[PDB]
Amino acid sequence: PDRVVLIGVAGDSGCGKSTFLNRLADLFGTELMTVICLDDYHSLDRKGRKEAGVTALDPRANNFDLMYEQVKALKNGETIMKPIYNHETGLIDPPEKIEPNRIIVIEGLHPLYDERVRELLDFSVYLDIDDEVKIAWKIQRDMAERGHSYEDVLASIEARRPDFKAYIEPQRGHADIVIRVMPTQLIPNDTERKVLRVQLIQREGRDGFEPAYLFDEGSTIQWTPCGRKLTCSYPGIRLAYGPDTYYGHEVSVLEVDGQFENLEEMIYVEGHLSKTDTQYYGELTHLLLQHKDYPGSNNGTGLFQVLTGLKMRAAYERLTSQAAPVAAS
């Protein structure tokens, strides 16, 4: 049976605008993976939301019945006629023909909201970016290409909070992996806002997913690789690992705080992680350095995006007993 594997990705970065999907494309290519933006399942166009007094984050702006059916149909080999939501015009355009593929990724605000869609998913990620991090990135991006559109991200973040808390954040409790990005704890007065602290929160007891750990699975550790063999600037790099309880479930939390100044530092860290699901020594580093220009490229953000990709590849290869698709050269 030519098996379709379904992957849910939850985040607020907007469709086609996340670094994480570009990294997935780097790993799985674009021929045998198709990405579906869930905004296509809006029941209400832009005028309709205004008329009803709701945001795009509200369940009521979205058609989960149609979502479930078309996703179920794709997993079952059928072609679908799925609507197109045009973000410019704010209208719902005529349907697109989508055929099944080895990997279908569903991306957007509510891939984990509906119970029936959840059960169709083989792997899920929630990207949890602290506000202040989201803001400082936007300023860094703006500063480069002369955009100055960061006041509007802020505006959007404050105003979205109620709906974000009500309807988006609780999906974190159904995600296999949550990537949590926040400001550093290594610098007393972080004026720069560059150095990040990142947690990979990995749900336990999802058969066919073994969490990455450091040193000893199921016990708690804090680790600094800088020492006799590895010279770091200040404040250096610090990892932590340990069991925890998140949204009522057992998890295992892997954490990196700091910045990688170079190769040696990345590899040294990779080399000492366990169950990373790399297929050769230094695959994380190689994949991470593929594209140095992405934000998070030199910190735990990029590292844990790539690692999450590898856990997806493992899930896929477990379900199909076949090699996952790969990017070209």
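Numbers for residues come from their place in the sequence shown, where the first is 1.
- The mean Cα B-factor in the deposited entry runs higher for 14-22 than for the other of 309-317 and 14-22.
- Legend: mean Cα B-factor per stretch from the PDB entry, 96-104 versus 224-232; the higher mean is in 224-232.
- Comparing C-alpha B-factors across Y241, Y246, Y113, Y150 in the deposited entry, the largest value falls on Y150.
- Of the candidates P162, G90, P170, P188, the deposited coordinates give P188 the top C-alpha B factor.
- The deposited CA B-factor of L44 belongs to the lowest third of values across its chain.
- Ranked by Cα temperature factor within the chain, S297 sits in the highest third according to the deposited record.
- In the deposited entry, the Cα temperature factor of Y126 places it in the lowest third of its chain's modelled residues.
- In this PDB entry, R193 carries a Cα temperature factor that places it within the highest third of its chain's modelled residues.
- When the modelled residues of the chain are ordered by C-alpha B-factor, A56 sits in the lowest third.
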